[PDB]
Amino acid sequence: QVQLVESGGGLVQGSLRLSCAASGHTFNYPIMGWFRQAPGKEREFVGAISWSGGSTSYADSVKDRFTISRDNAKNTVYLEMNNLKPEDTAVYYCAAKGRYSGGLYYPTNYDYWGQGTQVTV
Amino acid sequence: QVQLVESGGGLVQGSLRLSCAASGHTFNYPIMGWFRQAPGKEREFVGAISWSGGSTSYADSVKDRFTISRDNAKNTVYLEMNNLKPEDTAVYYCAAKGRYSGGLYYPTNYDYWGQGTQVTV
Amino acid sequence: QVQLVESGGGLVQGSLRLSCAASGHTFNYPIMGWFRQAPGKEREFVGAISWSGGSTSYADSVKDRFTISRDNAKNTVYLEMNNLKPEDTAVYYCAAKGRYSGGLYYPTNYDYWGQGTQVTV
Amino acid sequence: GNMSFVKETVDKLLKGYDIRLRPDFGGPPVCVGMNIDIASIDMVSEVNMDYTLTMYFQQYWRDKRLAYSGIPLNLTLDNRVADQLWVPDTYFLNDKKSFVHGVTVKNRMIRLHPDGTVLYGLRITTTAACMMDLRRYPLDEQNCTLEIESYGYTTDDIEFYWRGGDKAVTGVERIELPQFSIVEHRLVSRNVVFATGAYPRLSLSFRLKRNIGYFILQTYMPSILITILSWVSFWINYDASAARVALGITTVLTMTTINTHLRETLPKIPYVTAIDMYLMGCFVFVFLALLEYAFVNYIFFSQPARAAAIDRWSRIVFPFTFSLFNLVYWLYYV
Amino acid sequence: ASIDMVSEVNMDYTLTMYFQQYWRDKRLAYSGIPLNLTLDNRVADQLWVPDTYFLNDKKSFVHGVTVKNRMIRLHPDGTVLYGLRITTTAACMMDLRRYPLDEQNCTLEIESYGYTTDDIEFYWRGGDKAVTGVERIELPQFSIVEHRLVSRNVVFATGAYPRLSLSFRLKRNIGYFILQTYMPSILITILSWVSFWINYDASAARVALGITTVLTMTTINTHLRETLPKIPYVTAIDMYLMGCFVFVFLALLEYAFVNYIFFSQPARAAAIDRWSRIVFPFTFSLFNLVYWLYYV
Amino acid sequence: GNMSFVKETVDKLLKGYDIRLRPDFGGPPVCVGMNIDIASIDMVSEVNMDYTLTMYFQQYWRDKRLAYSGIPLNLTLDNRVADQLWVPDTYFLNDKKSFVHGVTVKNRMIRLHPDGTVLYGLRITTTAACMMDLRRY
Ligand SMILES: *[C@@H]1O[C@H](CO)[C@@H](O[C@@H]2O[C@H](CO)[C@@H](O[C@@H]3O[C@H](CO[C@H]4O[C@H](CO)[C@@H](O)[C@H](O)[C@@H]4O)[C@@H](O)[C@H](O[C@H]4O[C@H](CO)[C@@H](O)[C@H](O)[C@@H]4O)[C@@H]3O)[C@H](O)[C@H]2NC(C)=O)[C@H](O)[C@H]1NC(C)=O
Ligand SMILES: *[C@@H]1O[C@H](CO)[C@@H](O[C@@H]2O[C@H](CO)[C@@H](O[C@@H]3O[C@H](CO[C@H]4O[C@H](CO)[C@@H](O)[C@H](O)[C@@H]4O)[C@@H](O)[C@H](O[C@H]4O[C@H](CO)[C@@H](O)[C@H](O)[C@@H]4O)[C@@H]3O)[C@H](O)[C@H]2NC(C)=O)[C@H](O)[C@H]1NC(C)=O
Ligand SMILES: *[C@@H]1O[C@H](CO)[C@@H](O[C@@H]2O[C@H](CO)[C@@H](O)[C@H](O)[C@H]2NC(C)=O)[C@H](O)[C@H]1NC(C)=O
Ligand SMILES: *[C@@H]1O[C@H](CO)[C@@H](O[C@@H]2O[C@H](CO)[C@@H](O)[C@H](O)[C@H]2NC(C)=O)[C@H](O)[C@H]1NC(C)=O
Ligand SMILES: *[C@@H]1O[C@H](CO)[C@@H](O[C@@H]2O[C@H](CO)[C@@H](O)[C@H](O)[C@H]2NC(C)=O)[C@H](O)[C@H]1NC(C)=O
Ligand SMILES: CCCCCCCCCCCCCCCC
Ligand SMILES: CCCCCCCCCCCCCCCC
Ligand SMILES: *[C@@H]1O[C@H](CO)[C@@H](O)[C@H](O)[C@H]1NC(C)=O
Ligand SMILES: *[C@@H]1O[C@H](CO)[C@@H](O)[C@H](O)[C@H]1NC(C)=O
Ligand SMILES: CCCCCCCCCC
Ligand SMILES: CCCCCCCCCC
Ligand SMILES: CCCCCCCCCC
Ligand SMILES: CCCCCCCCCC
Ligand SMILES: CCCCCCCCCC
Ligand SMILES: CCCCCCCCCC
Ligand SMILES: CCCCCCCCCC
Ligand SMILES: CCCCCCCCCC
Ligand SMILES: CCCCCCCC
Ligand SMILES: CCCCCCCC
Ligand SMILES: NCCc1c[nH]cn1
Ligand SMILES: NCCc1c[nH]cn1
Ligand SMILES: [Cl-]
Ligand SMILES: [Cl-]
Ligand SMILES: [Cl-]
């Protein structure tokens, strides 16, 4: 039972910092993932972070542009979206993955989905 | 070698509390079961409780109506019969099951049978 | 290397107590057996006792009549022959069995045989 | 009744039977129903973060190649026939080490039904991973799972379900762990995606509530008795320097040995547990009782009345502030 | 053959036995040979044999040197005698409330794995004489009081199965515990009383006796429970050690009371030491009388 | 869909198949592609200078003897077929003790592809040597 609230989206023309705040049984869900859904297209992996260790992974598209990390004190994960592009225009969602729930990349493996911030540039 | 005495049956039109008091080698018989036998029909599982842990199980018929629990101090188990019905009209028996004596549901697995309180509504 | 001396036989018409006193390496021979040989018939098992634990066994014929036990202080075993019968007329022998020397019942498994008290009634 | 007739029937079932091919190969997935009867949970290890389960693991599926007519019986066959049949490639994804019991024969059952339904049973002992959150230890609740999956068949070829739904798992009442009570068990079904495809998954989970009693006796009560022993110092004459410093040393060092001993029973976690918090509090109390004597020793020559007053104060304030400490601790964690 | 080990920590025991099964298979009946055929063990792989298992076993094996320790003897009417030499570690849940003055009931549960009572029935061959060698069992820490043989049917969701049970009653021998725990605890408690004969001005000496006895009694307690499973209840030996703890703790508090008053009230202080010399040994004797009557 | 047709196709693949000979024996080397999916690192021991890893170890190669036509599917076959195929002789040079998990079956997968590509998967636990420099420990 996990709750995720994300903020710091909005509209820009530039560096941005999306944040994702978790609460509840985060021990059972050691991984937080960032996905993004463009209008028409399928829901797409951006990156993921382990709460414990900060072990990070990125999609090729955002590799050496976006950076994810967290602070366990606040129970918060953040996507720092630097070097933005007009391809980076989608509803960005946050999600939690169970310990034995399969590969990082596949959104059906994730259980607890944030509301989803719309971002246009 | 276990002895079981049950009380708190009687006749009503309502909440009721049957009790089942054990004495002897209860260590070898960690499970107490409640059965009930209607006139003509076969002897039927109601529920069962472990002495140690209070791990509980119920038949579907009495699920979210009857509640069983115990106190190891008195060596006593009780069937709290709430939300009674005219189907709940039988000789209610208490019984003890050995550690390796098979499935909970089957009355032939049980060794030490109480007298059997008649209950009519 | 075990020595066995038995006494308390004699002639009677009644309760009797045969005794069997061991000396030497009794550790290697944890079991003492009582046999009896009637004139003509084969040598026959009566009972046996472990020195350590006092684990006892009897032939059916003397079951709930004779009783064997010992005291490790004196290194002594005794056959208490109560409720005697004219069938109980034989040369009674005492013997020691090695740890790995086979079944209790078989006199060829036993190594150190007492003299043998004649008993008539 | 005619054993030559049954032998003929069974020989015909296995004639041209290909063990390489699942039932309905190239068609809809084979549905495999799962039952478990729990025999025991033998051990739960915080050090190895695992538990040992023994169970009767039952799989049901239909293989139309095994359908037989003219026998109104279910055929129980000798276990060794399992080697001539297709069976599911089921495994336990979080197992560390598992075996099928082997005495006096492989603990395996095969029962055939006229429509080609196979009941396949195994008796298995598994040591399975359970990652534990020890922040509230030993007032902690753990969630230990068994993850059941198809090794090589995707959901195109195989589907799993709990046979009987929420009654598919029996014997949870048999579990007798001295140190734990089973609060709840749950059955889950889902599909899991990997790079090689989507696989059927069943999960059985337990909620295990630690029993405090062993810890009261082993750690909490000894720590409380050492802390009480430290207060004896406040009733001893302030001129008895050897006696009061001995009480101080022995209580401070005993409280260190209790701490270091405890963490040798647990995995090398980098965070503080609840019991560590209790022992650290007790340490501060016994250390302050010794510093109280150092303060008294330092001033009693020049200021014998102030020294006397500090001992008098300590006799009430140490027991009172230890009582407060215990009230706050046991409210926060219970 | 043996019971090698009994573990309170693992709640199990290790048994080695010769396990014999007898049945009739009319397919194996033979004529014109007035012998029982003992065949090489490897023929067992070409025969039907029962699917017998031990329901409370944790880990079992058939001995394998120099060959699989297995026998097959055929009889002219198709009777098979099938023998195995097995070592099994089997679960025995123990009630340790009276430990180490406890009696345990350890069982071996024998069942058909896959055949119901429609297909197979079990019996103890020879009835109450079906189990031999109970006199061979040599556990230093236990005596076998009794063994029993039971036969019943057990019902599961898949059907009714034949069951045989062999049970042992194991009475713990006290002697090891007298030497390891009880006598040391008694000697520490006696050591604590030496304080009452020491001058009340010897503060370092009397507080040292008090500390060392109190802390030694804590080390004995904590050590003991590391030999046992993590049970949430008090054992008999825990009750003894907790009593001894109260005695040695009160001997130190007696000195604290004497130290506190001997300046102002040297006669009252002297009287309390005099009283303690009789009352501690007397009340420890009473404690022991009550304890050993309740548990023996 | 026709299981007799698939049985015929698979029987033909294994007829006269020599497990002794690698694919393209006497020709260019067989290229084996490796994937690993890490399940866990259970333990790291300074005393034994080793660690325990559990993984899904995947090998991909082409064996043209296993190429099949007229079936537009990848064939997942029961694991026991691995004993009738050539597979690579891959080992872990710094392993101390390794096993393939065996319950409820050997934790092994074989998937064939129409061009003769084999996907061979194993679930392995390995204790492997790790010499440690403890000067800063
Ligand atoms: C121990 O800890 C584990 C976490 O590791 C807990 O496991 C979770 O348990 C919950 C139930 O308590 C699971 O939630 C349920 O999952 C089902 C499957 O969902 C997936 O698959 C289906 C298709 O098969 C998809 O449709 C779906 O989107 C998911 O991808 C759901 O079907 C369940 O839904 C039903 O219940 C919920 C309310 O709980 C309703 O809102 C729905 O309408 C519906 O009726 C449900 O969501 C969760 O999947 C488990 N997680 C994992 C990682 O396994 C254990 O519960 C816990 N055990 C104990 C004893 O505490
Ligand atoms: C260690 O602990 C175990 C408990 O775990 C004890 O096991 C019990 O032992 C007693 C005997 O001492 C068993 O009682 C006997 O059971 C027999 C089987 O009963 C069932 O099956 C038959 C059909 O096969 C049914 O008819 C019956 O209703 C039961 O369902 C009975 O046949 C026995 O009856 C005979 O003796 C009794 C007196 O004891 C007489 O009243 C009868 O007339 C008859 O002559 C008997 O009841 C009991 O089954 C065992 N329980 C379990 C769970 O196994 C061990 O005894 C104990 N061991 C030691 C050494 O202390
Ligand atoms: C063969 O096995 C099946 C399945 O166990 C038996 O059918 C069940 O019978 C019970 C009553 O005995 C019913 O409660 C179930 O609903 C039945 N299940 C199904 C799937 O039919 C069947 O009776 C057995 N056949 C024989 C001859 O014993
Ligand atoms: C074959 O074995 C059977 C069973 O052991 C033998 O028959 C037994 O013989 C003994 C005496 O030697 C009797 O006490 C038993 O009552 C007999 N039992 C049965 C079931 O008949 C038989 O003697 C053996 N045959 C040979 C040729 O040695
Ligand atoms: C058989 O397996 C191959 C390899 O997995 C599949 O081909 C891949 O298909 C995916 C999309 O589903 C592509 O992203 C890959 O690039 C393909 N790889 C290759 C080597 O072709 C193929 O689809 C499978 N066939 C069937 C019928 O499922
Ligand atoms: C079920 C939760 C168990 C709670 C245990 C409470 C123990 C606390 C004891 C307090 C000790 C105070 C020492 C006396 C000082 C005057
Ligand atoms: C077979 C049961 C063994 C019983 C053991 C009894 C030991 C009790 C010794 C009592 C010690 C008293 C100390 C002396 C005080 C005057
Ligand atoms: C038994 O079955 C065999 C094979 O089907 C057949 O030849 C024989 O006639 C049958 N015998 C009886 C008595 O049914
Ligand atoms: C199935 O395959 C077999 C063998 O190739 C063939 O004889 C048969 O005609 C096929 N049947 C169907 C229905 O395709
Ligand atoms: C932290 C070192 C010990 C300090 C002792 C304090 C004694 C009283 C100071 C006046
Ligand atoms: C646990 C000991 C507490 C006793 C308090 C002493 C107060 C003395 C008041 C004169
Ligand atoms: C005076 C000592 C108080 C100790 C705390 C009581 C237990 C609280 C449990 C919630
Ligand atoms: C994690 C914080 C724990 C708080 C309770 C410990 C006792 C402190 C009382 C001063
Ligand atoms: C429980 C703290 C120690 C109390 C010592 C009592 C000394 C005598 C009091 C007058
Ligand atoms: C175990 C020591 C008991 C001795 C009692 C002393 C009594 C002294 C009376 C003057
Ligand atoms: C004076 C010491 C008394 C100790 C008790 C005697 C043993 C009783 C065994 C029943
Ligand atoms: C379970 C109760 C045990 C009673 C005997 C222990 C000795 C107490 C004497 C005061
Ligand atoms: C074992 C040494 C640590 C004691 C606790 C310290 C708390 C500040
Ligand atoms: C080892 C510490 C416990 C000592 C017994 C306490 C009895 C009140
Ligand atoms: N049953 C899927 C096995 C898997 C896990 N990781 C990769 N493959
Ligand atoms: N011989 C019955 C095995 C069993 C136990 N539980 C379920 N099946
Ligand atoms: Cl394994
Ligand atoms: Cl085994
Ligand atoms: Cl190896």
Side-chain angles (χ1 to χ4, degrees), chain D residues 16-28 47-50 57 59 63-65 82-100 108 120-122 124-129 131 147-154 156-158 194-197 199 267-268, chain F residues 1-11 13-14 35-37 39-46 52-56 58 60 70-85 97 99-113 119-123 125 127:
Chain D
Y17 185 97
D18 197 347
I19 56 161
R20 295 166 309 201
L21 303 187
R22 66 161 182 106
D24 285 7
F25 189 100
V47 172
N48 296 320
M49 282 198 192
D50 60 34
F57 185 76
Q59 298 178 92
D63 191 347
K64 284 176 174 176
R65 295 174 290 185
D83 304 318
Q84 288 106 72
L85 298 181
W86 181 89
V87 301
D89 64 348
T90 308
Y91 80 110
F92 306 115
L93 173 140
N94 64 318
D95 88 346
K96 296 170 84 160
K97 198 92 179 153
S98 302
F99 64 95
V100 179
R108 174 173 65 167
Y120 176 49
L122 296 167
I124 297 166
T125 291
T126 174
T127 297
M131 294 301 105
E147 303 297 324
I148 305 160
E149 189 163 298
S150 175
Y151 191 76
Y153 293 108
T154 68
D156 293 336
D157 287 333
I158 202 158
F194 293 95
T196 56
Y199 294 86
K268 298 198 179 187
Chain F
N2 187 352
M3 280 180 77
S4 71
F5 176 57
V6 175
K7 176 182 173 85
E8 273 190 350
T9 305
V10 176
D11 287 325
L13 294 185
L14 297 183
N35 291 108
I36 302 179
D37 187 47
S40 66
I41 297 182
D42 275 337
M43 315 181 76
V44 176
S45 178
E46 293 73 31
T52 298
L53 170 66
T54 302
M55 67 184 163
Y56 300 88
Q58 280 64 251
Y60 292 81
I71 311 176
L73 299 170
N74 301 321
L75 309 176
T76 304
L77 294 181
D78 178 279
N79 64 98
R80 284 168 285 183
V81 76
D83 304 318
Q84 288 106 72
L85 298 181
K97 198 92 179 153
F99 64 95
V100 179
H101 292 252
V103 172
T104 63
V105 297
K106 190 174 197 233
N107 288 196
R108 174 173 65 167
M109 162 182 67
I110 289 284
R111 188 174 303 166
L112 304 185
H113 308 72
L119 199 175
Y120 176 49
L122 296 167
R123 185 166 73 117
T125 291
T127 297

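Reminder, nothing fancy here: chain letters follow the sequence lines and each chain counts from 1. Computation of the quantities below employed the complete heavy-atom set of this structure, encompassing side-chain atoms and omitting hydrogens, waters and symmetry-equivalent molecules.
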Which portion of F:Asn2 sits near chain D, non-hydrogen atoms under 4.5 angstrom: neither
Could you tell me whether the side chain of F:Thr76 and the main chain of D:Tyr153 form a donor-acceptor pair under 3.5 Å? no
Between D:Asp156 and chain F, with a heavy-atom cut-off of 4.5 Å, which part of the residue counts as in contact: side chain, backbone, both or neither? neither
If you define the side chain from C-beta out and look only at heavy atoms, does anything of F:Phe99 sit under 4.5 Å from D:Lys97? yes
Contacting region of F:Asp11 [heavy-atom separation from chain D under 4.5 Å]: both
With a 4.5 Å limit on heavy-atom distance, are the side chains of D:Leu21 and F:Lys7 in contact? yes
Under 4.5 Å heavy-atom distance to chain F, tell me which part of D:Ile19 shows up: side chain, backbone, both or neither. both
Is the shortest distance from a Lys or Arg side-chain nitrogen in F:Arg80 or D:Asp89 to a carboxylate oxygen in the other one below 4.0 Å? no
Check: D:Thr196 and F:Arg111 side chains under 4.5 Å, non-hydrogen atoms: yes
Contacting moiety of F:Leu119, where chain D heavy atoms sit under 4.5 Å: side chain
Okay, F:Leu14 and chain D: the region with an atom under 4.5 Å from a heavy atom over there is side chain
If you round to the nearest 0.5 Å, how far is CE of F:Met3 from CZ of D:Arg22? 8.0 Å
Among D:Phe92, D:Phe57, D:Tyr91, side-chain contact (heavy atoms from CB on, under 4.5 Å) partner for F:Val103: D:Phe92
Can any side-chain N or O of F:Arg123 pair as donor or acceptor with the backbone N or O of D:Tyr151 at less than 3.5 Å? no
Side chain proximity check, D:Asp18 to F:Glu8, heavy atoms < 4.5 angstrom: no
With a 4.5 angstrom heavy-atom cut-off, which part of F:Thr54 approaches chain D: side chain, backbone, both or neither? neither
